[PDB]
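Just so you know, ligand 1 is whichever comes first in the structure, and atom 1 is the first atom listed for that ligand. Convention: sequence-line order gives letters A, B, ...; per-chain numbering from 1.
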Protein chains: 2
Amino acid sequence: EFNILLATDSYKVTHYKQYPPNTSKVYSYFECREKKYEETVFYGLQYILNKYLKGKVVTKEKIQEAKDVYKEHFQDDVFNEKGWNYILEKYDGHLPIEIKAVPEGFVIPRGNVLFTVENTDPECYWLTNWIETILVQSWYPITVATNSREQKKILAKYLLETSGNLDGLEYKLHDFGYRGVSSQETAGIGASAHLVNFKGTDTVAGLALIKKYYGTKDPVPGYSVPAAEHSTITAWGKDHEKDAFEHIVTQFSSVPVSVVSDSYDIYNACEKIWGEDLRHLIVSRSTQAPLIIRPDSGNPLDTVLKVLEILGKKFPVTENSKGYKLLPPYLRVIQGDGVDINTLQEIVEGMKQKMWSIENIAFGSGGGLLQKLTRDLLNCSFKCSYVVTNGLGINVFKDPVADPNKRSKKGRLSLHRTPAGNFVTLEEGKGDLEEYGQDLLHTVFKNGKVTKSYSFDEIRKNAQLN
Amino acid sequence: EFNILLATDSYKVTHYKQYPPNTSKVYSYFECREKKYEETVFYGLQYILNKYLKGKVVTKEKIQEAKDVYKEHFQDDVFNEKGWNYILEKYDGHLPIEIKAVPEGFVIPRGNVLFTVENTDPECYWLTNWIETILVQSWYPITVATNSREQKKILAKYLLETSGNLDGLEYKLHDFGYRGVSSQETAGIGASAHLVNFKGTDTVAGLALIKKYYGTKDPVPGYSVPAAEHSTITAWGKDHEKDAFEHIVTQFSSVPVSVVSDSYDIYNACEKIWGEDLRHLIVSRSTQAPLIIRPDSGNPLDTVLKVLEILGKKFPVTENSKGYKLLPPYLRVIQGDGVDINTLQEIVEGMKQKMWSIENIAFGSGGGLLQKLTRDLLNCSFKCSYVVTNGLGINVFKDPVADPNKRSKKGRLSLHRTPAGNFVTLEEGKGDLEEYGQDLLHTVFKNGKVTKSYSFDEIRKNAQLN
Ligand SMILES: Cc1ccc2nc(-c3ccc(CNC(=O)c4cccnc4)cc3)oc2c1
Ligand SMILES: Cc1ccc2nc(-c3ccc(CNC(=O)c4cccnc4)cc3)oc2c1
């Protein structure tokens with residue numbers, strides 16, 4: 001069972017003894033610090049609030065479990081048993097904490113406050129930064145959603161230029177990353193962040209998370225299609241790849257079906273098997289049930305161009321209104337190997353230079369989409385900016401001499417949209433002057449209750465592209 | 001609640017209709033494919049077996065939940081309800097699967113079979129690769145433990161060369177990565193893998209995982225020390241950094257204490273505050289309660305060298321038997337910023353060139369230790385190598401023409417220890433002759449039961465260095 005008393009950096013156990021005496025308030029904030037990724041999608045905090053922070057999170061058994069662990073962990077008795085018992089007795093195990101945050105799905109430029117945390121009881125000054133570790137992990141859904149959205153910008157640009165519209169954009173980047181992430185929980189978190197921007201996923205864990213913690217009026221927030229893996233091809237034997245292809249496309253004759261075609265020779269498979277031997281089974285397929293050919297090895301751009309060239313010689317290629325080549329509607333391609341934001345850019349530019357419409361292709365991304373990301377990509381950071389000690393408020397900050405990029409903000413913070421539509425974070429409590437509009441940070445958590453929730457539809461709407 | 005019917009890649013739902021008709025057996029294996037990191041630590045499978053695969057994992061309610069999700073997910077009725085109902089009725093929801101694996105903690109060279117999976121009921125041919133996604137996630141504990149062990153090799157070599165012994169080696173790489181990983185579950189898994197090689201961690205989640213799933217004869221597998229963060233320094237105000245330092249080292253006068261010293265000026269803190277104003281509180285400390293100075297910004301190597309040079313002018317430095325400089329025993333340093341396996345090598349090499357002993361220092365690693373890792377680092381992969389169709393066993397494999405590095409093995413596999421202590425993987429069932437000895441793969445899971453378990457002490461012994 002999860003125990004919030006055991007869900008922090010070990011050294012934070014010792015911090016209640018280190019603050020200035022008579023500290024009654026510790027006020028801290030989260031930002032994606034300025035160091036491309038000029039704007040970030042704020043997403044994932046609601047999951048953390050509901051799963052870990054709300055309700056009765058302190059019990060007498062959890063206090064004793066933490067006391068016994070930390071006794072051995074530090075070889076010393078430093079655990080603040082009295083502080084946690086105070087929360088258990090006065091608030092029935094509810095955290096005396098207030099959290100204000102920008103609405104989820106909001107797209108905020110780097111270097112702005114995204115949420116703030118402060119204690120609501122003077123006895124619990126130490127609690128604000130106790131939960132830093134749990135809250136900082138929101139870097140991951142933020143970073144997945146942001147990196148996924150940046151790839152949507154690339155796809156939208158090249159889809160618009162080669163087709164004149166954005167039809168099918170929401171299905172052009174498919175989540176392949178279930179096996180390539182570090183845990184089941186990460187898979188669900190990361191997949192849901194990708195679904196902020198797209199509707200195609202094979203990481204089923206993301207569906208249950210959205211349903212339980214955000215909710216959507218759609219039947220499911222993400223969709224997939226029947227498809228083969230190498231095992232369902234290679235199980236037929238090396239000499240019977242054609243029989244495997246024939247069986248699978250016949251089993252799935254009325255729906256879209258993706259067949260991985262590089263088990264032995266992707267180019268042979270496209271030219272001879274799909275393009276000749278089984279060509280009669282492909283050209284008869286409906287527009288809503290195309291064959292999707294999946295290469296999965298080699299240089300991603302060179303393979304895509306070589307596959308398109310081969311398919312263009314065996315199947316009738318037309319030209320769309322913008323003048324770019326378009327496979328017949330019963331034939332599409334997905335490149336699901338070696339795809340990250342960098343190679344995605346190279347492939348669509350390479351296809352455009354060869355006058356291929358992006359309508360022909362979608363992309364599958366696994367580790368590049370959900371795992372090859374770190375907290376340093378957006379510099380997601382949690383810092384104390386304001387304290388009250390013996391009734392005196394003090395604006396606090398760090399400013400390391402050897403790294404000015406690590407300087408943190410001072411005092412009580414607020415986020416505002418200027419009349420020109422820019423964003424500004426006001427420091428030192430200057431938001432009290434009301435020079436701008438209302439503070440964009442709203443109370444989402446207070447004293448054990450989630451006070452403001454967003455549906456997955458609202459988040460998707462807030463995160464739309466221009 | 002976890003539902004194994006929803007814990008797979010979406011497209012695997014459709015694979016039972018894609019295998020050759022009358023397929024009764026699908027046999028698959030896991031390896032860290034060939035083409036640094038020449039040997040891998042096998043760790044983490046036992047966690048997956050107990051938490052996700054053992055016991056009654058199929059219920060009628062879970063079948064209905066999966067049926068509803070996949071109906072909307074595919075906009076189609078493709079879910080294999082009949083196959084999962086059979087397992088519920090025939091085996092009381094226990095998976096008819098056998099898994100054989102190398103003992104956890106074993107250090108195996110790349111390109112060897114690590115575990116195999118096969119169905120034990122011919123009706124459940126499809127189940128072997130259904131659970132590929134869950135099992136492939138063992139890449140993460142394998143990769144964390146392997147990458148952590150390689151850093152232990154680097155530290156051991158330079159600690160031995162600069163000091164003549166290995167004292168304190170198991171505390172030279174401390175886990176700082178709780179906030180920098182993608183989820184709570186990842187934190188526990190990754191922290192436990194690091195503790196295979198070291199005993200210093202602040203990611204508390206690793207302790208509970210080891211206690212629940214592996215066990216150790218000591219009360220806890222990992223330890224930490226009291227330490228400050230920037231907030232317990234900066235909360236005193238910029239003009240009172242000295243007062244914060246004094247308060248913290250006095251609170252923790254009899255135990256080791258780490259004080260982050262770069263909030264405003266690391267060089268001022270070492271030269272003026274630690275080196276003059278508070279020097280009398282440091283030189284009086286015990287050898288078992290040193291002050292640990294923590295820089296946290298700037299170039300990691302240059303900052304360490306500049307901090308050590310400053311301390312050498314204010315504190316008595318000796319030269320050890322090997323000829324390297326050594327701080328007094330009441331004063332140590334931890335570099336916990338910008339550390340991964342690459343910068344760790346550069347720092348200890350840089351310290352050696354300046355004649356500084358590794359005895360002086362430990363390293364904290366966060367994202368670099370637990371998050372900046374992907375499945376392609378060791379090429380952890382799961383592939384079907386053997387099937388039975390119409391009573392005929394067929395050795396199957398993939399072999400993409402454009403990437404021979406992705407070729408997979410053929411037939412039934414076994415792992416053997418050579419007389420010289422090497423490892424060899426025999427393919428095509430050729431392991432039955434036992435020319436070098438018994439198969440090192442042992443059944444760890446069969447028909448819903450974990451049949452072989454290892455303690456964390458056994459794993460640590462298996463994963464030790466030469
Ligand atoms: C033009 C166009 C538009 C939209 C498309 N959607 C797909 C598509 C969706 C789903 C899958 C099945 N999943 C996998 O192959 C897989 C592989 C590795 C790990 N996990 C899953 C295949 C293809 O292709 C499209 C093409
Ligand atoms: C020579 C020597 C040997 C062994 C040592 N162990 C430490 C040491 C252990 C633990 C902590 C406290 N944790 C953190 O500072 C922290 C920072 C970020 C995220 N999470 C935690 C400090 C220092 O210093 C050593 C020095």
Item checked: Trace of the ring-ring contact (aromatic ring centres under 6.0 Å, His included) decision for A:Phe245 with A:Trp274 -> CA-CA 8 Å; A:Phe245 288 1; A:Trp274 294 128; 4.4 Å; yes
Notebook entry, point to check: Is A:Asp175 paired with A:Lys199 through a side-chain N to carboxylate O contact shorter than 4.0 Å?
Noted result: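 Salt bridge flag = no for A:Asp175 with A:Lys199.
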Margin query: Can you tell me how the ring of A:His15 sits relative to the ring of A:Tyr11, calling it parallel under 30°, perpendicular over 60° and tilted otherwise?
Written below: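 It falls in the perpendicular class, over 60°.
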Note to self: Applying salt bridge (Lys or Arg N to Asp or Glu O under 4.0 Å) to B:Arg179 and B:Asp202, what does each step give before you reach the verdict?
What the structure shows: CA-CA 10 Å; B:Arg179 78 193 61 168; B:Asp202 271 44; over 6 Å; no
Margin query: Within 45 degrees of the ring normal and closer than 6.0 Å to the centroid, is that where the cationic atom of A:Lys12 sits relative to A:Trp130?
Written below: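 So A:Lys12 doesn't make the cation-pi contact.
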Notebook entry, point to check: Has the side chain of A:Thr162 got a donor or acceptor atom that lies under 3.5 Å from a matching backbone atom of A:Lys352?
Noted result: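 No, because the side chain of A:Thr162 does not come within donor-acceptor range (under 3.5 Å) of the backbone of A:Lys352.
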Write 'none' if nothing qualifies; otherwise put on separate lines each N/O atom of ligand 2 with a protein N/O atom under 3.5 Å away and their distance to 0.1 Å.
unit_1: ligand 2; atom_1: 13 (N); unit_2: B:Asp202; atom_2: OD2; d: 2.9

